[PDB]
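Spelled out from the first residue to the last, the chains are:
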Amino acid sequence: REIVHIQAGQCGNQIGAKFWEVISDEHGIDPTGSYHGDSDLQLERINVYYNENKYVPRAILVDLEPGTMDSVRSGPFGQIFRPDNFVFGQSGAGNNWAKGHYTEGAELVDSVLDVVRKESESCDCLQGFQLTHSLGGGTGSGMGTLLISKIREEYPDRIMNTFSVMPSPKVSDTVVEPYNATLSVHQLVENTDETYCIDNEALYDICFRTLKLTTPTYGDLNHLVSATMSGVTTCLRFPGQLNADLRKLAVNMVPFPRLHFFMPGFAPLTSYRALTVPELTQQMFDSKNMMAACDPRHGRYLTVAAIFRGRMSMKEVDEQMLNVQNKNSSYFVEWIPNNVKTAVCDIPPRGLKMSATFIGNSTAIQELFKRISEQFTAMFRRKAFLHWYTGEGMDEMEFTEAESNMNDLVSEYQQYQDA
Amino acid sequence: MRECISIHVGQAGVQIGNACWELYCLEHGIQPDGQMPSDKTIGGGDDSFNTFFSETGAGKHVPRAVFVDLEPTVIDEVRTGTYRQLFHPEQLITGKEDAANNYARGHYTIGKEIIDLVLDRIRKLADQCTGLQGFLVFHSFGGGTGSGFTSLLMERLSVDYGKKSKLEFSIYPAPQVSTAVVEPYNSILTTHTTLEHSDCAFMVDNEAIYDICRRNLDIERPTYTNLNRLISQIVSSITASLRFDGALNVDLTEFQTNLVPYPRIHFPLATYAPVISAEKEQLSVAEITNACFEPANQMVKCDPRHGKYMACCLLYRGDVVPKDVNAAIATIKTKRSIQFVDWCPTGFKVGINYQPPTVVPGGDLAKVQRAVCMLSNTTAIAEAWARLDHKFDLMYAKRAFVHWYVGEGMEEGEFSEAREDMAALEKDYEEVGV
Amino acid sequence: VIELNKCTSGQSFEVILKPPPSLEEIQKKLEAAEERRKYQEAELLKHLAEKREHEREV
Amino acid sequence: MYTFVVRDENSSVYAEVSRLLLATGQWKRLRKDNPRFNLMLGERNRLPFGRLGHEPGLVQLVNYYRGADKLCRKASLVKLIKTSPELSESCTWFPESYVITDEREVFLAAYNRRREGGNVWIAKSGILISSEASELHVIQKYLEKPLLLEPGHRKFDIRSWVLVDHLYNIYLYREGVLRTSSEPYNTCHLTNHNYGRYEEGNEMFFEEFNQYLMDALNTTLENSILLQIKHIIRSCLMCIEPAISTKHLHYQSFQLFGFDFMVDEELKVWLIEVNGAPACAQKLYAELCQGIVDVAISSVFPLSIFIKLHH
Ligand SMILES: *[C@H]1CC(=O)C/C(C)=C\C=C\C(=O)O[C@H]([C@H](O)NC(=O)/C=C\C=C\C)C/C(C)=C/[C@@H]2CSC[C@H](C1)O2
Ligand SMILES: Nc1nc2c(ncn2[C@@H]2O[C@H](COP(=O)(O)OP(=O)(O)OP(=O)(O)O)[C@@H](O)[C@H]2O)c(=O)[nH]1
Ligand SMILES: Nc1ncnc2c1ncn2[C@@H]1O[C@H](COP(=O)(O)OP(=O)(O)CP(=O)(O)O)[C@@H](O)[C@H]1O
Ligand SMILES: Nc1nc2c(ncn2[C@@H]2O[C@H](COP(=O)(O)OP(=O)(O)O)[C@@H](O)[C@H]2O)c(=O)[nH]1
Ligand SMILES: [Ca+2]
Ligand SMILES: [Ca+2]
Ligand SMILES: [Cl-]
Ligand SMILES: [Mg+2]
Ligand SMILES: [Mg+2]
Ligand SMILES: [Mg+2]
């Protein structure tokens, strides 16, 4: 039944706030936590995300500085969160994974776990956790991965899911993002069950090229993200058969434990006109609607989950999903039979009669790790910017080890791509 | 009179069970509150229908059934639905978290913790029986509970009820409605561990039923509700002999005697006709009997022309007399490819019940004057094992998804042992069928 | 045609066209699997404990 | 785009069909074990028919009829003919044959009857032709009075190619071939491929054979021989139709058969065998293979050299 949601750092709290605004709207929950919807489908699985005549997100808001969480509290749905679930320090993490993971984050993490435990303890049957964060900064990356490790120690038989924003030079705050992301990926490989890889470069290019936004803001990017998070959690939050819980999703999507990094996608993305099931299906599988900046035609799908939302012919959905597989059969590994599963939920996202969300486990995700790996090495060969990390107690050897582990992941994807 | 206990395991087992008990009520004249005004012995008796129903002093007719699922949402529908007053809480067993499509989680991790409670509830039903015949066990192959819990349960039932028959109604996986990539693994694990514990198993391939619903009932996208109404009709045809007056298949042991001469080859093919749309000209005995030899009407798509028969049973309901049956068989033998093995007689056992099929009011199936279910033990059903085994092989060769099972404490060698048993099974069918 | 029985509910007959583990072993298997789960979790917790020592070192 | 897979690397006929399909621009070849095909060009042995027709959303077609081996193995053909009433023990167009339960005593009894009243037989399944039972799988009456082409006093057999589609239409390719001995008749006895002296590659085609029949015997190929060939083809294939038809099945089949005939000196046609996996004469590949694509494949997957034998 219950999922506990955690959002850490600037990026993590910004996208996490938007996620809660969007799903609260879908479930008919207003900013004061009152239900004012008109379909029983809205409430049937509400307790997955909301404690209970008011509904309060099962959500913990974490940061090492107060500013983003002050904006959250002032923002649209800011009063819906439980006030005790805001856990924050004052010193910040300076875009530094070591600060998040080892020094500043270490001072705050026990207070976060106290709140996690209080939420877990009033669950009838906790399924596990979802974390929103970036990998490029300090708090979401360093403190978020510290939290994941501590949660795993205290709840080792629960599922850990992340929405992880991956940095890009094209949409960048500091030069040390590749260091922070490489250190984080090493943690995610060992300690998550499912990670949605959301590439800031993909978000930007979707906004700029497809949506025709001349100058995208983080706000624009987060709109994309929150739409995708809504889509990918649909089957957790509404009645249905397929991928209806975190553990069932993992069993269907993860054939080898380390290869749990998914490329999500959304359709439609266009700059009133009716969308057809054919169009949704074709757009959902097109590289330009995917959020990891990897070309799926450069690899193979191990597994895919597709979710369609809205009133539409179930027959035509099954038909088009079979057309795509049968027509592009070479991009699907042949040694996992029937590796594409399709769900359908009657409730569309706000503003859309019909939508589809894609979750692919593709060997092409190797390209994202390789890019981060190349940007890490260009700096690490000259030990550039390392003093920020060594001043917090870290040694060079830990960087060598993270780099190796991420290169190992890349090789593992390549192996299955060739098999 | 000898009782039969029905056990419904996992989502598929439970939802099919629900459909079956509702149809049984309608066939016997039992109301949703359990009252049966035609039953003049109040608070007891030893009628044929008492094989499936006990009676209380107040005249409630209570299914001899246990429902078991590792999460609560499906059984909660039974608890709150139309036939809720039929069952007492002790017949309805739910855990909190399911087997996540993982045989090992169902069999080992969660199964260990609920098996004793399930046995105690079955024992409470057994203690009310004067001459328990055995068990009918309904489950999926593909689910973690249907696969993993059922095989534990079947083993423990052989220990605690060692002389009792056990029959299965098993749902074979079809990707058109399946919910897990690993269903072939689950299927093979459960078939390996259950094989020595089951006396007779009726496998239903969701692909075959889906297609019958699409083609004959004109449903564009069948739901489990559509599928389960059809399945319940077939199930009812099969169990009718236990619940009404008759001289064929009147106890569980006769299923084996009449259909299963070799213990491992215990999977009869069920074929059913006619299936006609309620929204849409009455077929004769000849036509429905001829339809039993059509792959399109089979519960598992396969080609009997290219195997051999070991036994064949025709189960008629409605307006059928022996004369017309015999004339139909005569014709069909001159037209169709019906080869028996050399060491069994070529012939048919026939049962007729005069009550035509009941259908559920406003269901999809039209009322017909006559219907038939053929149960044939043909080597052609091994096509289905070939299909599954090949899927298993493709994934297993890369160890895809194996870690989920190992992580629940199953050893990897249980995969290869299950697979080796299936290879010996395929070879048993080939040797009989050559 | 052999074995014709008739009753008011129906009839039946046969047409021939041509002649020709113990509780203890289960309990042990379930315990062995539980023990393997426990081993695997103990290993995990050991690895997490080593990570905590490293954190304290840094 | 249609998809197909190739599972018999050695089929000269299906290598050409495959080339043709690819050149339409509307078919793609998948790897051998990808299940998401429209069309299987199958292996010759243990083709996994049980795995066909279970792919949601794909109409699936294969180039073999399961069960057709009953026509296409020597001993099973003998048994089919003798045990099917429409063919029967007294079938006039198939030589007296015995499978060697074994029919050895029946053979001996027929051999003795005859010796008491031409008694050459041929053992095959490694061929032996003999007058003596003792020296002598199937044992079949050896046609002692074959039609001999002139010049050269030479034996021959006729190959006819037949395509049976998914609807069980039976099509006789309008070109057949004579495989000739180029030795004078008593290598002169077996016409399996002075080699090449009378005709290129010891193959005579129907235009020349017909011309010879008109010039030497004052008749035609149509009248003297093809009427009977057509009758035999239809009789054989109609006989097994109930056992092999894919009309109501979840997958569909077609198959190319090579039927072999002998002609006796009275212009009586005899069936010798049916080949379930024939090759084609060099010069007729291109035409036959395109016919296969038009009638067997594109009929099912939309993008006459055949006589339709009606039934
Ligand atoms: C956030 C929306 C908001 O702030 C501003 C407005 C008015 C609209 C944004 C729309 C948008 O991004 O729409 C995309 C896509 O561009 N839409 C279409 O392609 C529509 C029709 C196509 C026809 C051929 C879809 C999207 C990401 C919508 C999400 C759903 S979740 C809530 C947010 C609200 O919108
Ligand atoms: N015919 C039919 N098939 C069903 C039904 N419900 C599930 N299935 C099939 O059963 C398989 C999945 O097994 P389920 O029975 O749902 O799983 P379970 O036994 O509850 O096991 P877990 O949920 O994994 O604990 C798939 O092949 C489904 O298509 C049903 O009501 N009818
Ligand atoms: N009963 C018979 N009477 C006369 N000649 C016969 C005969 N049976 C076979 N033959 C001759 O022997 C040749 C080979 O016999 P058979 O038909 O068994 O060939 P085969 O199976 O080796 C190759 P193909 O498949 O191309 O026919 C025939 O073409 C014919 O010349
Ligand atoms: N998509 C998106 N990326 C963001 C947002 N804010 C920061 N980022 C990215 O996140 C990374 C910096 O981490 P940030 O979350 O600001 O640091 P933290 O507060 O220490 O966790 C860089 O890769 C930024 O491009 C946001 O709101 N949305
Ligand atoms: Ca500090
Ligand atoms: Ca009574
Ligand atoms: Cl007993
Ligand atoms: Mg920042
Ligand atoms: Mg279940
Ligand atoms: Mg030959």
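Draft legend 1. Representation of the coordination of the calcium ion (ligand 5) in the model. Donor atoms from the polypeptide that bind the calcium ion (ligand 5) are A:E104 (OE) and A:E107 (OE), placed at 2.6 to 3.2 Å. Of this pair, A:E104 and A:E107 are both found in helix α4 (residues 104–121), three residues apart, which corresponds to roughly one turn of the helix.

Draft legend 2. Local environment of the site of ligand 2. Lining the immediate surroundings of ligand 2 are 24 residues, of which A:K248, B:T145, B:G146, B:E183 and B:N228 lie closest. Proximal residues around ligand 2 fall on chains A and B, making this an inter-chain site. In this structure, B:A99 approaches ligand 2 through a main-chain N or O atom, which is 3.0 Å from an oxygen atom. Protein contacts shield 98% of the accessible area of ligand 2, which totals 650 Å² for the unbound molecule. Breaking the shell around ligand 2 down by element, the ones donating at least two residues are α1 (10–28), α4 (144–160) and α7 (224–243) of chain B. For the shell around ligand 2, the leading source of residues is α1(B), giving four residues. Residues that form the shell around ligand 2 fall into these classes: seven nonpolar, 13 polar and four charged.

Draft legend 3. Inspection of the interface of chain B and chain C at higher detail. Contacts between the two partners involve 37 residues from chain B, matched on the other side by 28 residues from chain C. The contact between chain B and chain C buries some 2,800 Å² in all, and 60% of this surface belongs to carbon and sulfur atoms. Per-residue buried area on chain B facing chain C is highest for B:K112, B:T346 and B:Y354; these three make up 18% of the total on that side. Linking chain B to chain C there are three salt bridges. For B:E411, the salt bridge identified is with C:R36, shortest N-O distance 3.9 Å. Remark: the boundary between chain B and chain C carries 11 residue pairs in polar contact. Tallying contributions element by element places strand β11 (residues 346–353) of chain B first for the side of chain B that touches chain C, with eight residues. Judged from the eight bridges that link them, β11(B) and strand β2 (residues 10–18) of chain C form a sheet pairing that is antiparallel. Counted as the bridge partner of B:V350 is C:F13 from β2(C).

Draft legend 4. Looking closely at the UniProt feature "binding site: GTP" in chain B. The sites that carry the UniProt feature "binding site: GTP" are, in the present numbering, B:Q11, B:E71, B:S140, B:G144, B:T145, B:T179, B:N206 and B:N228. These residues run over 218 residues, and the two farthest C-alpha atoms among them are 22.5 Å apart, placing them at more than one spot. By secondary structure assignment, the location of B:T179 is in the loop between β7 (165–172) and α5 (183–194). Once you skip the residues sitting within four places of it in the chain, B:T179 turns out to touch A:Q241, A:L242, A:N252 and B:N101. Here B:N206 is to be found in helix α6 (residues 206–216). Excluding residues that lie within four positions of it along the chain, B:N206 makes contacts with B:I171, B:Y172, B:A174, B:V177, B:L227 and B:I231.

Draft legend 5. The side chain of A:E26, seen in detail. Residues and elements named next belong to chain A. Structurally, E26 is set in helix α1 (residues 9–26). A distance of 2.5 Å separates polar atoms of two side chains, one belonging to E26 and the other to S230. Not counting the four nearest positions on each side in its chain, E26 is found in contact with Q42, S230, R237, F238, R309 and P349.

Draft legend 6. Fine view of the packing of α6(B) against α7(B). All names here are of chain B. Here α6 crosses α7 at 100°, and the two axes come no closer than 10 Å. Classed by the angle they form, the pair α6 and α7 counts as roughly perpendicular. Note on element contacts: α7 touches α6 through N226, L227, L230 and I231, opposite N206, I209, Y210, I212 and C213. Of the residues assigned to the contact of α6 with α7, the class counts are seven nonpolar, two polar and no charged.

Draft legend 7. Inspection of the sheet that holds strand β5 (residues 97–99) of chain D at higher detail. Residues and elements named next belong to chain D. Pairing in this open sheet of four strands is antiparallel, and the strands run β5-β8-β6-β7 from one edge to the other. Two strands bound the open sheet, and with one partner strand each, they are β5 and β7 (128–130). Mean inter-strand twist for the sheet, computed between neighbouring axes without regard to direction, equals 20°. Where β5 meets strand β8 (residues 138–141), three bridges bridge the pair, whose relative direction is antiparallel. When the sheet's bridge partners are listed, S97 is paired in β8 with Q140. Relative to the sheet, helix α3 (residues 74–83) contacts β5, β6 (121–124) and β8, its axis offset from that of β5 by approximately 115°.

Draft legend 8. Fine view of the state of the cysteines. Residues and elements named next belong to chain B. Counting across every chain of the model gives zero disulfides over all chains. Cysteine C313 shares no disulfide, and the gap to the nearest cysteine sulfur, in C312, comes to 7.6 Å. A relative accessible area of 2% means that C313 is categorised as buried.

Draft legend 9. Main features of the coordination of the calcium ion (ligand 6). Only B:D39 (OD), B:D39 (OD), B:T41 (O), B:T41 (OG1), B:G44 (O), B:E55 (OE) and B:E55 (OE) from the protein reach the calcium ion (ligand 6) as donors, at distances of 2.3 to 2.6 Å. Sequence positions of the donors to the calcium ion (ligand 6) reduce to the motif D-x1-T-x2-G-x10-E.

Draft legend 10. How the structure looks around the packing of aromatic side chains. All told, the structure shown has 68 aromatic pairs over all chains when counted by the stated rule. Judged by centre distance (5.8 Å) and plane angle (5°), the ring pair of A:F380 and A:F399 falls under stacked. Residue A:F380 is located in helix α12 (residues 366–380), and its partner A:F399 is located in helix α14 (residues 396–418); the two are separated by 19 residues in the primary sequence. We classify A:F399 as buried; its relative accessible area is 1%. Centroid distance B:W21 to B:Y24: 5.2 Å. Interplanar angle 80°. Geometry classified as edge-to-face. Separated by three residues within a single helix, B:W21 and B:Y24 lie in helix α1, roughly one turn from each other.

About the cut-offs
Residues numbered from 1 in each chain as written, not as in the entry; some residues may be left out. Chains lettered and ligands numbered in written order. Part of a larger assembly, values for the part shown. Heavy atoms only, no water. Donors = N, O, S within 2.8 Å, 3.2 Å for Na, K, Ca; no water. Helix = DSSP H or I, 4+ residues; strand = E, 2+ residues; numbered from the N terminus. Near = heavy atom within 4 Å. Polar contact = N/O pair within 3.5 Å; in protein donor to acceptor, adjacent residues only side chain to side chain. Areas by Shrake-Rupley, 256 points an atom, 1.4 Å probe, with all protein chains shown as cover. Nonpolar A, V, L, I, M, F, W, Y, C, P; charged D, E, K, R; others polar. Contact = heavy atoms within 4.5 Å. Buried area = accessible area lost by both parts, 1.4 Å probe. Salt bridge = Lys/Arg side-chain N within 4 Å of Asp/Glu carboxyl O. Pairing = 2+ DSSP bridges. UniProt positions renumbered as here; feature names shortened; annotations may be inferred. Axes fitted to C-alpha atoms, helices over the stretch in contact; angles between N-to-C directions. Parallel < 35°, antiparallel > 145°, perpendicular 65-115°, else oblique. Disulfide = S-S within 2.5 Å. Buried < 20%, exposed > 50% of the residue type's maximum accessible area, 1.4 Å probe, protein only. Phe/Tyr/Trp six-rings, centres within 6.5 Å; stacked < 30°, edge-to-face > 60°.

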